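Chemist: Can you read through this structure? Questions will come right after.
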Amino acid sequence: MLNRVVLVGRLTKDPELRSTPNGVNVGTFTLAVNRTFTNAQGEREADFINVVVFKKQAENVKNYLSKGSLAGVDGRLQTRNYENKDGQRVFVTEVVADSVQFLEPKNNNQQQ
Amino acid sequence: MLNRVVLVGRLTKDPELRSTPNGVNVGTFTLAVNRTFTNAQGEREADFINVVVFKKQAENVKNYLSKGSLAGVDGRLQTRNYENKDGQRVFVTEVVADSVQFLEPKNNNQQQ
Amino acid sequence: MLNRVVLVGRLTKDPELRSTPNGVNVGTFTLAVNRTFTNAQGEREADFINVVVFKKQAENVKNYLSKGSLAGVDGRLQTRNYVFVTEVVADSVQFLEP
Amino acid sequence: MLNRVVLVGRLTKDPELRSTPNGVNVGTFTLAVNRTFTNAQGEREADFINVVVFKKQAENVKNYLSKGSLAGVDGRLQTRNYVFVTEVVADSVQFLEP
Ligand SMILES: O=c1[nH]cc(F)c(=O)[nH]1
Ligand SMILES: O=c1[nH]cc(F)c(=O)[nH]1
């Protein structure tokens, strides 16, 4: 069934890259996306989307993407449930990126 | 900034419609979206997206949408943080629908 | 760069199916997409989008999709030339009717 | 019915700005959208999409957007006629450069 997400935002931290003994690399980062419908002084808010990326895309994210860089994301919305180390159920909604595009560096509105 | 979600899935329960004394109606429902990339016998999984709808769209959802109906959704991805009644922080990612389209009823693959 | 199109409409005619000299199936159809909001006059307009789909999905388009069938399409917007033509290249198609 | 297009590309020429006899500003520009994946030969192709934007957004397109400027576009796919023309009608435009 149809499931498509497109985002443009800025990374809040530098991307992390973990791995499982199953041998696959899993990159994660948070995308801060300012709301367009409230972009005006006195009411600018952002949403913070969790993006997850795997395999090849995941390493090109760790190399070339840094905290504060503008990135575009294209993917699916997916949900998980796990148990944290305390025994509480955790429900997650993340964007699984099919492609991540590097748009602008960290400080492009003062450097340009 | 760009933020677009498009979904087609089936409702897991009947939509709920709450209200605040601020006088605005807030409709909510969960959309179950089968993954396209695993649609085959032996590996069909779905993701369960929380959709939120307001004002007029929200009532036309409660009238005309029921558990098991196929619905299409178009909107933004948004995040909230609140405190539940126990004092734990709760982080939510939901789809805020701009439009909700009614596609097929509950039992359309046996009635058609 | 990002390029994504998502559509839901009905086919105007029956899906067509050709092949490439490389042996790849090329399914085509036109989708009538009603506008969700009416226009200044109140009438409902539809747009007529040309969709293209490849390989085995194109065969399932030919088998299970007919004139008037409701379909969802997910893909890219691409431009071709001779007369400039724009079509949606579907990587995914969803069959909303049996 | 659902109809959504999202694009990121660069303008091929300078944005144009006309008006309707009803007094609404109509901004137009062409966006060159590079394909993310290369083709069977390995070359990178771009698509050239016609974008249309209205009212005050069209004015901010004329002020702040120039040939070669990077822009994001969010809107509908619509079809017009005389020669069949398909354009993206932008409800939102994002300026990726100052
Ligand atoms: O009714 C139609 N209008 C336009 C078309 F391209 C088509 O196939 N059918
Ligand atoms: O280089 C270009 N190709 C096609 C176009 F429509 C255009 O404006 N520019």
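Labeling convention for the structure tokens: chains A, B, ... as they appear, residues from 1 per chain, ligands from 1 in order of appearance.
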Can you tell me which residues come within 6 Å of ligand 1 when counting only C-alpha atoms and all ligand atoms, ideally as a count of residues only?

Modeler: 3

Chemist: Could you do a least-squares fit of chain D on chain C over every C-alpha atom, in sequence order, and give the output as a compact mmCIF listing (two decimals) with N, CA, C and O atoms, in the first residue's frame?

Modeler:
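This is the output file part-v3.txt:
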```txt
# COMPACT_ATOMS: atom_id res chain seq x y z
N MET D 1 18.13 14.47 -7.04
CA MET D 1 17.25 15.36 -6.31
C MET D 1 15.86 14.75 -6.13
O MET D 1 15.46 13.86 -6.89
N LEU D 2 15.14 15.21 -5.12
CA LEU D 2 13.84 14.63 -4.83
C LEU D 2 12.86 14.86 -5.97
O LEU D 2 12.82 15.92 -6.58
N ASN D 3 12.09 13.82 -6.25
CA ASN D 3 11.12 13.82 -7.35
C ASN D 3 10.17 12.69 -7.00
O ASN D 3 10.53 11.52 -7.09
N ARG D 4 9.00 13.04 -6.52
CA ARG D 4 8.06 12.03 -6.08
C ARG D 4 6.66 12.48 -6.48
O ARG D 4 6.32 13.65 -6.36
N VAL D 5 5.87 11.56 -7.01
CA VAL D 5 4.49 11.80 -7.39
C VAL D 5 3.67 10.71 -6.77
O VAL D 5 4.05 9.54 -6.86
N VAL D 6 2.53 11.04 -6.17
CA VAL D 6 1.60 10.02 -5.72
C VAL D 6 0.22 10.37 -6.21
O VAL D 6 -0.22 11.51 -6.07
N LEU D 7 -0.46 9.40 -6.80
CA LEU D 7 -1.73 9.63 -7.46
C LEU D 7 -2.72 8.54 -7.10
O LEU D 7 -2.35 7.39 -6.90
N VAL D 8 -3.99 8.91 -7.08
CA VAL D 8 -5.08 7.95 -7.06
C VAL D 8 -6.13 8.40 -8.07
O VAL D 8 -6.59 9.54 -8.00
N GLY D 9 -6.46 7.55 -9.02
CA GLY D 9 -7.46 7.88 -10.01
C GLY D 9 -8.03 6.63 -10.65
O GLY D 9 -7.81 5.52 -10.18
N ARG D 10 -8.78 6.83 -11.73
CA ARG D 10 -9.34 5.74 -12.49
C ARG D 10 -8.78 5.75 -13.91
O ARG D 10 -8.44 6.81 -14.45
N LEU D 11 -8.62 4.56 -14.49
CA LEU D 11 -8.13 4.47 -15.86
C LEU D 11 -9.22 4.89 -16.85
O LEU D 11 -10.40 4.54 -16.71
N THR D 12 -8.81 5.64 -17.86
CA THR D 12 -9.69 6.14 -18.87
C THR D 12 -9.96 5.13 -19.96
O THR D 12 -11.01 5.13 -20.55
N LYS D 13 -8.98 4.29 -20.21
CA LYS D 13 -9.08 3.22 -21.18
C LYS D 13 -8.42 1.99 -20.63
O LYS D 13 -7.97 1.97 -19.51
N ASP D 14 -8.35 0.96 -21.43
CA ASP D 14 -7.74 -0.26 -20.96
C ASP D 14 -6.25 -0.11 -21.02
O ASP D 14 -5.74 0.53 -21.89
N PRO D 15 -5.56 -0.71 -20.07
CA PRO D 15 -4.10 -0.60 -20.08
C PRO D 15 -3.51 -1.25 -21.33
O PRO D 15 -3.97 -2.29 -21.78
N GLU D 16 -2.49 -0.62 -21.89
CA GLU D 16 -1.75 -1.14 -23.03
C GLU D 16 -0.43 -1.77 -22.60
O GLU D 16 0.15 -1.37 -21.59
N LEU D 17 0.02 -2.78 -23.35
CA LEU D 17 1.29 -3.44 -23.01
C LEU D 17 2.14 -3.77 -24.24
O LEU D 17 1.80 -4.67 -25.01
N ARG D 18 3.29 -3.12 -24.30
CA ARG D 18 4.32 -3.30 -25.35
C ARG D 18 5.60 -3.83 -24.70
O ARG D 18 5.60 -4.09 -23.50
N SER D 19 6.65 -3.99 -25.49
CA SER D 19 7.95 -4.48 -25.04
C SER D 19 9.08 -3.72 -25.72
O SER D 19 8.93 -3.18 -26.83
N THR D 20 10.18 -3.72 -25.08
CA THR D 20 11.35 -3.07 -25.63
C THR D 20 12.23 -4.09 -26.35
O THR D 20 12.16 -5.29 -26.06
N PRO D 21 13.02 -3.67 -27.34
CA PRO D 21 13.94 -4.63 -27.96
C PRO D 21 14.88 -5.29 -26.96
O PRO D 21 15.39 -6.39 -27.25
N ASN D 22 15.14 -4.66 -25.81
CA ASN D 22 15.80 -5.30 -24.68
C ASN D 22 14.92 -6.32 -23.95
O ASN D 22 15.43 -7.03 -23.08
N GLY D 23 13.64 -6.42 -24.27
CA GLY D 23 12.79 -7.44 -23.68
C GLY D 23 12.08 -7.07 -22.40
O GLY D 23 11.61 -7.96 -21.69
N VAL D 24 11.91 -5.78 -22.11
CA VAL D 24 11.30 -5.32 -20.88
C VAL D 24 9.87 -4.89 -21.19
O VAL D 24 9.63 -4.15 -22.15
N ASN D 25 8.93 -5.30 -20.35
CA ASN D 25 7.53 -4.97 -20.58
C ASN D 25 7.26 -3.53 -20.15
O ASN D 25 7.72 -3.09 -19.09
N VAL D 26 6.51 -2.81 -20.97
CA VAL D 26 6.21 -1.41 -20.75
C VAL D 26 4.70 -1.27 -20.76
O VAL D 26 4.07 -1.25 -21.83
N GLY D 27 4.10 -1.15 -19.58
CA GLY D 27 2.67 -0.91 -19.48
C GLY D 27 2.39 0.58 -19.41
O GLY D 27 3.13 1.34 -18.79
N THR D 28 1.31 1.00 -20.07
CA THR D 28 0.91 2.39 -20.04
C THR D 28 -0.59 2.50 -19.79
O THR D 28 -1.36 1.63 -20.17
N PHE D 29 -0.98 3.59 -19.13
CA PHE D 29 -2.39 3.90 -18.99
C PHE D 29 -2.54 5.34 -18.59
O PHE D 29 -1.60 5.98 -18.13
N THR D 30 -3.73 5.87 -18.80
CA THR D 30 -4.05 7.21 -18.37
C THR D 30 -4.94 7.17 -17.13
O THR D 30 -5.90 6.40 -17.08
N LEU D 31 -4.61 7.99 -16.15
CA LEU D 31 -5.35 8.04 -14.90
C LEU D 31 -6.12 9.35 -14.83
O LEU D 31 -5.54 10.42 -15.02
N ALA D 32 -7.42 9.27 -14.58
CA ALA D 32 -8.23 10.46 -14.36
C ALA D 32 -8.28 10.74 -12.87
O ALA D 32 -8.82 9.93 -12.11
N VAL D 33 -7.73 11.87 -12.44
CA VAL D 33 -7.59 12.19 -11.03
C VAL D 33 -8.50 13.36 -10.73
O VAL D 33 -8.16 14.51 -11.02
N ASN D 34 -9.61 13.09 -10.08
CA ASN D 34 -10.50 14.16 -9.68
C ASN D 34 -9.83 15.08 -8.68
O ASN D 34 -9.11 14.64 -7.79
N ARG D 35 -10.04 16.38 -8.86
CA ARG D 35 -9.56 17.37 -7.90
C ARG D 35 -10.35 17.22 -6.60
O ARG D 35 -11.55 16.93 -6.62
N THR D 36 -9.65 17.30 -5.47
CA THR D 36 -10.35 17.14 -4.20
C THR D 36 -11.24 18.35 -3.92
O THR D 36 -12.42 18.19 -3.56
N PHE D 37 -10.72 19.56 -4.10
CA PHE D 37 -11.49 20.78 -3.89
C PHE D 37 -12.09 21.27 -5.21
O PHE D 37 -11.45 21.18 -6.26
N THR D 38 -13.31 21.79 -5.16
CA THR D 38 -13.93 22.35 -6.37
C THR D 38 -13.29 23.68 -6.76
O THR D 38 -12.55 24.30 -5.99
N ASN D 39 -13.57 24.12 -7.99
CA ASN D 39 -13.01 25.38 -8.44
C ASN D 39 -13.94 26.55 -8.11
O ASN D 39 -15.02 26.39 -7.53
N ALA D 40 -13.49 27.76 -8.49
CA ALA D 40 -14.22 28.98 -8.16
C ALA D 40 -15.68 28.89 -8.56
O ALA D 40 -16.53 29.54 -7.94
N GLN D 41 -15.98 28.14 -9.62
CA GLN D 41 -17.35 27.91 -10.07
C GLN D 41 -18.04 26.78 -9.30
O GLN D 41 -19.27 26.64 -9.41
N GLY D 42 -17.30 25.92 -8.58
CA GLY D 42 -17.92 24.84 -7.87
C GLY D 42 -17.90 23.50 -8.61
O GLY D 42 -18.53 22.55 -8.14
N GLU D 43 -17.32 23.46 -9.79
CA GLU D 43 -17.38 22.20 -10.55
C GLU D 43 -16.21 21.32 -10.14
O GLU D 43 -15.24 21.85 -9.59
N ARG D 44 -16.33 20.02 -10.32
CA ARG D 44 -15.18 19.19 -9.98
C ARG D 44 -14.39 18.88 -11.24
O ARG D 44 -14.88 18.18 -12.14
N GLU D 45 -13.13 19.26 -11.27
CA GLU D 45 -12.32 18.88 -12.44
C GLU D 45 -11.43 17.70 -12.07
O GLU D 45 -11.16 17.50 -10.90
N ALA D 46 -11.07 16.91 -13.07
CA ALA D 46 -10.10 15.83 -13.00
C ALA D 46 -8.94 16.20 -13.91
O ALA D 46 -9.08 17.07 -14.75
N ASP D 47 -7.79 15.64 -13.62
CA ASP D 47 -6.62 15.72 -14.44
C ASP D 47 -6.40 14.33 -15.00
O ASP D 47 -6.85 13.32 -14.43
N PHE D 48 -5.80 14.30 -16.18
CA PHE D 48 -5.56 13.07 -16.94
C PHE D 48 -4.05 12.87 -17.07
O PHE D 48 -3.37 13.51 -17.88
N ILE D 49 -3.53 12.01 -16.22
CA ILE D 49 -2.10 11.78 -16.10
C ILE D 49 -1.72 10.51 -16.83
O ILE D 49 -2.39 9.48 -16.70
N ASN D 50 -0.63 10.56 -17.59
CA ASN D 50 -0.07 9.40 -18.26
C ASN D 50 0.90 8.68 -17.33
O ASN D 50 1.94 9.24 -16.97
N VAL D 51 0.59 7.44 -16.99
CA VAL D 51 1.42 6.60 -16.13
C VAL D 51 2.12 5.54 -16.97
O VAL D 51 1.54 4.99 -17.91
N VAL D 52 3.37 5.25 -16.61
CA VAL D 52 4.18 4.21 -17.24
C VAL D 52 4.69 3.27 -16.15
O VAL D 52 5.18 3.73 -15.12
N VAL D 53 4.60 1.97 -16.38
CA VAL D 53 5.09 1.01 -15.40
C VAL D 53 5.85 -0.10 -16.14
O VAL D 53 5.61 -0.34 -17.32
N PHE D 54 6.82 -0.72 -15.47
CA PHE D 54 7.73 -1.65 -16.14
C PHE D 54 7.70 -3.05 -15.54
O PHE D 54 7.11 -3.31 -14.49
N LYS D 55 8.34 -3.96 -16.27
CA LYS D 55 8.64 -5.36 -15.89
C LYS D 55 7.35 -6.05 -15.44
O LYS D 55 6.30 -5.92 -16.10
N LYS D 56 7.37 -6.80 -14.34
CA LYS D 56 6.24 -7.64 -14.01
C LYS D 56 5.06 -6.84 -13.49
O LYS D 56 3.92 -7.31 -13.59
N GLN D 57 5.30 -5.66 -12.93
CA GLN D 57 4.17 -4.83 -12.54
C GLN D 57 3.32 -4.45 -13.73
O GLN D 57 2.09 -4.39 -13.62
N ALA D 58 3.96 -4.26 -14.89
CA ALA D 58 3.22 -3.92 -16.10
C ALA D 58 2.32 -5.06 -16.52
O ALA D 58 1.27 -4.84 -17.13
N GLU D 59 2.70 -6.28 -16.18
CA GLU D 59 1.87 -7.40 -16.55
C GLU D 59 0.69 -7.50 -15.62
O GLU D 59 -0.43 -7.76 -16.07
N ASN D 60 0.91 -7.25 -14.33
CA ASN D 60 -0.21 -7.20 -13.41
C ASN D 60 -1.10 -6.01 -13.66
O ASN D 60 -2.29 -6.07 -13.34
N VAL D 61 -0.59 -4.97 -14.31
CA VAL D 61 -1.50 -3.91 -14.70
C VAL D 61 -2.39 -4.38 -15.83
O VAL D 61 -3.61 -4.19 -15.79
N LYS D 62 -1.82 -5.11 -16.80
CA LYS D 62 -2.62 -5.60 -17.93
C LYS D 62 -3.64 -6.65 -17.49
O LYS D 62 -4.77 -6.66 -17.98
N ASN D 63 -3.28 -7.51 -16.54
CA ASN D 63 -4.21 -8.56 -16.12
C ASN D 63 -5.39 -7.99 -15.33
O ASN D 63 -6.55 -8.25 -15.67
N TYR D 64 -5.11 -7.20 -14.29
CA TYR D 64 -6.09 -6.90 -13.26
C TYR D 64 -6.71 -5.51 -13.37
O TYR D 64 -7.60 -5.19 -12.58
N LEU D 65 -6.27 -4.68 -14.32
CA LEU D 65 -6.75 -3.30 -14.43
C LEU D 65 -7.46 -3.10 -15.75
O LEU D 65 -6.96 -3.50 -16.80
N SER D 66 -8.61 -2.46 -15.68
CA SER D 66 -9.49 -2.27 -16.80
C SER D 66 -9.93 -0.82 -16.79
O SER D 66 -9.70 -0.09 -15.82
N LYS D 67 -10.61 -0.40 -17.86
CA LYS D 67 -11.17 0.94 -17.89
C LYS D 67 -12.03 1.15 -16.65
O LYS D 67 -12.76 0.25 -16.23
N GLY D 68 -11.86 2.30 -16.02
CA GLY D 68 -12.65 2.61 -14.85
C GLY D 68 -12.14 2.03 -13.56
O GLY D 68 -12.74 2.29 -12.51
N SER D 69 -11.04 1.28 -13.59
CA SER D 69 -10.52 0.67 -12.38
C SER D 69 -9.77 1.72 -11.57
O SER D 69 -9.06 2.56 -12.13
N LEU D 70 -9.94 1.68 -10.26
CA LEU D 70 -9.31 2.60 -9.34
C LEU D 70 -7.91 2.12 -9.00
O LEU D 70 -7.72 0.95 -8.64
N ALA D 71 -6.94 3.00 -9.14
CA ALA D 71 -5.56 2.61 -8.93
C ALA D 71 -4.81 3.72 -8.22
O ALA D 71 -5.11 4.90 -8.40
N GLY D 72 -3.86 3.32 -7.37
CA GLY D 72 -2.90 4.23 -6.78
C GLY D 72 -1.56 4.05 -7.46
O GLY D 72 -1.21 2.94 -7.86
N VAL D 73 -0.81 5.13 -7.61
CA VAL D 73 0.44 5.11 -8.34
C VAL D 73 1.46 5.88 -7.53
O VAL D 73 1.14 6.92 -6.96
N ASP D 74 2.68 5.39 -7.50
CA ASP D 74 3.78 6.00 -6.76
C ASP D 74 5.00 5.97 -7.66
O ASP D 74 5.38 4.90 -8.15
N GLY D 75 5.60 7.13 -7.89
CA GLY D 75 6.74 7.16 -8.77
C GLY D 75 7.36 8.53 -8.94
O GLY D 75 7.25 9.41 -8.10
N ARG D 76 8.03 8.67 -10.07
CA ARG D 76 8.79 9.84 -10.43
C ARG D 76 8.06 10.56 -11.55
O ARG D 76 7.26 9.96 -12.26
N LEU D 77 8.34 11.84 -11.68
CA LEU D 77 7.90 12.63 -12.81
C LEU D 77 9.04 12.70 -13.80
O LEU D 77 10.11 13.21 -13.46
N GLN D 78 8.82 12.22 -15.01
CA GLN D 78 9.89 12.26 -16.00
C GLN D 78 9.40 12.90 -17.29
O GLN D 78 8.22 12.87 -17.62
N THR D 79 10.36 13.49 -18.00
CA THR D 79 10.12 14.22 -19.24
C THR D 79 10.88 13.51 -20.36
O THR D 79 12.04 13.14 -20.20
N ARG D 80 10.19 13.37 -21.49
CA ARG D 80 10.67 12.70 -22.72
C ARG D 80 10.61 13.68 -23.88
O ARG D 80 9.93 14.69 -23.76
N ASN D 81 11.20 13.38 -25.03
CA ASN D 81 11.07 14.38 -26.12
C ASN D 81 11.20 13.80 -27.53
O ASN D 81 11.68 12.66 -27.68
N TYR D 82 10.70 14.58 -28.50
CA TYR D 82 10.81 14.34 -29.96
C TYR D 82 11.55 15.55 -30.55
O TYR D 82 10.92 16.63 -30.55
N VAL D 83 7.51 18.34 -29.57
CA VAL D 83 6.52 17.61 -28.73
C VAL D 83 7.20 17.21 -27.42
O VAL D 83 8.00 16.26 -27.45
N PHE D 84 6.93 17.93 -26.34
CA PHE D 84 7.51 17.55 -25.03
C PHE D 84 6.46 16.74 -24.28
O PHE D 84 5.32 17.17 -24.21
N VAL D 85 6.85 15.58 -23.77
CA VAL D 85 5.87 14.71 -23.07
C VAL D 85 6.30 14.50 -21.62
O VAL D 85 7.47 14.29 -21.39
N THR D 86 5.35 14.60 -20.70
CA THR D 86 5.60 14.33 -19.30
C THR D 86 4.71 13.18 -18.88
O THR D 86 3.51 13.18 -19.14
N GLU D 87 5.33 12.18 -18.26
CA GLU D 87 4.63 11.03 -17.75
C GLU D 87 5.09 10.80 -16.31
O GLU D 87 6.13 11.32 -15.89
N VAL D 88 4.31 10.05 -15.56
CA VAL D 88 4.70 9.57 -14.24
C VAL D 88 5.25 8.16 -14.41
O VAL D 88 4.54 7.25 -14.86
N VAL D 89 6.50 7.95 -14.02
CA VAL D 89 7.10 6.62 -14.07
C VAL D 89 6.86 5.95 -12.73
O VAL D 89 7.45 6.33 -11.71
N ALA D 90 5.99 4.96 -12.73
CA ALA D 90 5.57 4.29 -11.51
C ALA D 90 6.59 3.25 -11.08
O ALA D 90 6.87 2.29 -11.81
N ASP D 91 7.14 3.40 -9.88
CA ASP D 91 7.82 2.30 -9.24
C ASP D 91 6.87 1.43 -8.45
O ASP D 91 7.18 0.27 -8.19
N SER D 92 5.70 1.93 -8.07
CA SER D 92 4.73 1.12 -7.36
C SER D 92 3.32 1.47 -7.81
O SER D 92 3.00 2.62 -8.08
N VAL D 93 2.48 0.45 -7.91
CA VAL D 93 1.07 0.60 -8.25
C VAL D 93 0.22 -0.20 -7.27
O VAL D 93 0.51 -1.37 -7.01
N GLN D 94 -0.84 0.41 -6.75
CA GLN D 94 -1.72 -0.28 -5.82
C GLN D 94 -3.09 -0.49 -6.46
O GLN D 94 -3.69 0.46 -7.00
N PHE D 95 -3.59 -1.72 -6.40
CA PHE D 95 -4.89 -2.07 -6.99
C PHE D 95 -5.97 -1.93 -5.93
O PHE D 95 -6.11 -2.78 -5.06
N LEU D 96 -6.85 -0.95 -6.09
CA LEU D 96 -7.82 -0.70 -5.05
C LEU D 96 -9.10 -1.49 -5.24
O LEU D 96 -9.93 -1.50 -4.33
N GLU D 97 -9.25 -2.19 -6.36
CA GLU D 97 -10.40 -3.02 -6.66
C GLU D 97 -9.92 -4.42 -7.00
O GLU D 97 -8.84 -4.59 -7.57
N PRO D 98 -10.74 -5.45 -6.71
CA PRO D 98 -10.36 -6.87 -6.87
C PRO D 98 -9.81 -7.26 -8.25
O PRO D 98 -10.29 -6.83 -9.30
```

Chemist: Can you list every residue in chain A that DSSP puts in strand (DSSP E), as a PyMOL selection string?

Modeler: chain A and resi 3-11+16-19+25-34+46-54+70-83+89-104

Chemist: Write out, as a short mmCIF file (atom, residue, chain, number, x, y, z; two decimals), in the first residue's frame, the residues just selected, with C-alpha atoms.

Modeler:
```
data_model
loop_
_atom_site.label_atom_id
_atom_site.label_comp_id
_atom_site.auth_asym_id
_atom_site.auth_seq_id
_atom_site.Cartn_x
_atom_site.Cartn_y
_atom_site.Cartn_z
CA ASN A 3 3.36 5.03 1.93
CA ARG A 4 5.52 7.98 0.99
CA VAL A 5 7.28 10.67 3.04
CA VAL A 6 9.29 13.60 1.75
CA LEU A 7 11.15 15.89 4.12
CA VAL A 8 13.66 18.70 4.07
CA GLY A 9 15.15 19.69 7.40
CA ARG A 10 18.38 20.13 9.31
CA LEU A 11 20.15 17.53 11.40
CA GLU A 16 25.24 7.83 14.44
CA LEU A 17 26.11 4.53 12.79
CA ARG A 18 25.63 1.33 14.75
CA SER A 19 25.89 -2.28 13.68
CA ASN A 25 25.03 -1.12 9.31
CA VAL A 26 22.15 1.02 10.57
CA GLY A 27 22.44 4.80 10.41
CA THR A 28 20.10 7.09 12.36
CA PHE A 29 19.59 10.87 12.61
CA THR A 30 16.95 13.39 13.62
CA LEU A 31 15.62 15.86 11.08
CA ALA A 32 14.33 19.22 12.31
CA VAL A 33 11.71 20.47 9.85
CA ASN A 34 10.38 24.00 10.36
CA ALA A 46 9.83 22.67 14.07
CA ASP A 47 8.98 18.98 14.14
CA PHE A 48 11.74 16.48 14.88
CA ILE A 49 11.50 13.40 12.69
CA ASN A 50 13.52 10.28 13.32
CA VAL A 51 15.09 9.08 10.07
CA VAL A 52 16.68 5.62 9.75
CA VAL A 53 18.93 4.54 6.89
CA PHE A 54 20.62 1.20 6.07
CA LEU A 70 20.23 20.70 5.33
CA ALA A 71 19.19 17.34 3.99
CA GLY A 72 16.33 16.04 1.91
CA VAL A 73 14.79 12.68 2.69
CA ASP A 74 12.48 10.39 0.74
CA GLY A 75 11.01 7.23 2.20
CA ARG A 76 8.40 5.23 4.03
CA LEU A 77 6.85 5.72 7.45
CA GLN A 78 7.37 2.67 9.67
CA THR A 79 6.47 1.64 13.21
CA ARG A 80 8.22 -0.62 15.75
CA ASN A 81 7.55 -1.90 19.27
CA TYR A 82 10.30 -3.08 21.56
CA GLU A 83 11.12 -3.36 25.23
CA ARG A 89 6.88 -1.00 25.86
CA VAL A 90 8.23 1.58 23.38
CA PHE A 91 6.28 2.52 20.23
CA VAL A 92 8.31 4.30 17.52
CA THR A 93 7.39 5.98 14.26
CA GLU A 94 10.38 6.61 11.98
CA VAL A 95 11.06 7.49 8.38
CA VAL A 96 12.96 4.77 6.54
CA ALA A 97 14.86 6.68 3.86
CA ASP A 98 15.09 5.35 0.28
CA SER A 99 17.36 8.26 -0.62
CA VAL A 100 19.03 11.05 1.34
CA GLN A 101 20.17 14.11 -0.63
CA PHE A 102 22.68 16.67 0.66
CA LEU A 103 21.31 20.16 0.04
CA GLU A 104 23.18 22.93 1.97
#
```

Chemist: What does the structure give for the distance between atom CA of residue 107 of chain A and atom CA of residue 40 of chain A, in Å to one decimal?

Modeler: 20.4 Å

Chemist: Please report the interatomic distance between atom CA of residue 15 of chain A and atom CA of residue 68 of chain A in Å with one decimal.

Modeler: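 For atom CA of residue 15 of chain A relative to atom CA of residue 68 of chain A, the distance reads 10.6 Å.
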
Chemist: One decimal, Å: what's the distance from atom CA of residue 39 of chain B over to atom CA of residue 12 of chain B, could you say?

Modeler: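 Calculated distance between atom CA of residue 39 of chain B and atom CA of residue 12 of chain B is 19.0 Å.
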